[PDB]
């Protein structure tokens, strides 16, 4: 079932164990917005798995060996050869994080008016595509839009949608296919190796490029080894290397599956695009030999990427998240299924049936979760959806969820029990959860700074 941590604790991080009454005052000061809580006032911070990972002793040893030179740093050569060895790509350009690499790729591979198609989208990835004159097309399988359907590899590309897009618009008007592993918007759902092979075969026949969003590719590789027939004898590294053999490049956020707190990079095989990438990286990030990263951070990301290939680490990572999802599902708590690689999504629509969506149930549930447990979670519903600015009304998503995002190697099963036991107790008196109303609302991105109050 659930394996113990395949590591020992080397060093601990001090936290404040403030009681419920103080936590309530902190939440009121934050305007009932978990995004406005201070880190020092949080016991278990499940806001995101991005850049919040715990590094290893080996990584911290590399942090002491930072070659901080502006050009020719040994740390960059270590990072370069590691990615070339594990991912198999020809050229590497480091960036300070994932959206820095997406900014580069979108300016290099998109002519204004072309289409970009992928298995759903991410906010920063789709922004840089649309800012550079592209029109996004969702070609994910229809099953990915059913929150309750428990099936494997929900993130697979629908080959029928891809075939019709090529026929309706033409291969010349398609910039590239953006295949994300895993699919964050669908709940961290993986993509099968068979799907990546079929996508590569169909795109190569029309000369269409394929670039991966490899942000959580290691979690995706474990799902292949666990659930895809024929990969039970292959190591995590062998699966990762085959995944990228069906891609012409990738954007990577090291802050996720590279087990670091900062860092990313951009990969490609084309020499001419790599030449243009080195010219553009100096504008936004830095030299091609550090790309907005300190030398010690390139070293940490190179070591972390190699550590992520260990089967026992990634098995425990995914199964720790699954443990939280299983404990909630066994108690009757409504969650999004299947459980993804990095987070558990509570269905706040069913959790707070007594509240309309205009009362922000996911935002109110997140506030109650913190006060009752000291756990910070992220609202992923109507507040994060924003406002259509042409009309001013709320964007209303089908998913009204609270995201419990698990950083890597930071928490234990006992911490997961604290999260579960508190949510389960809340669910047993879920009728007492009250709604919220705006008291402060910003112009753009309201999820980060809006303030509320009980109705």
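Residue numbers count along the first chain shown, from 1.
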Stretch with the higher entry mean CA B-factor, where the candidates are 92-100 and 195-203:
195-203
Could you settle it for me: does 72-80 or 134-142 have the higher average Cα B factor in the PDB entry?
134-142
Using the entry's values, work out which of 261, 220, 163, 377 has the largest Cα B factor.
163
Reading the B-factor column for Cα atoms of 347, 257, 312, 272, the highest value belongs to 272
Which third, lowest, middle or highest, does the C-alpha temperature factor of residue 22 belong to within its own chain?
middle
Ranking the modelled residues of this chain by C-alpha B-factor as given in the entry, is residue 323 in the lowest, middle or highest third?
lowest
Within this chain, which third does the Cα B-factor at residue 390 fall in: lowest, middle or highest?
highest
Going by the recorded CA B-factors, say which third of the chain residue 367 sits in, lowest, middle or highest.
lowest
Sorting the chain's modelled residues by C-alpha B-factor and splitting them into thirds places residue 118 in the highest
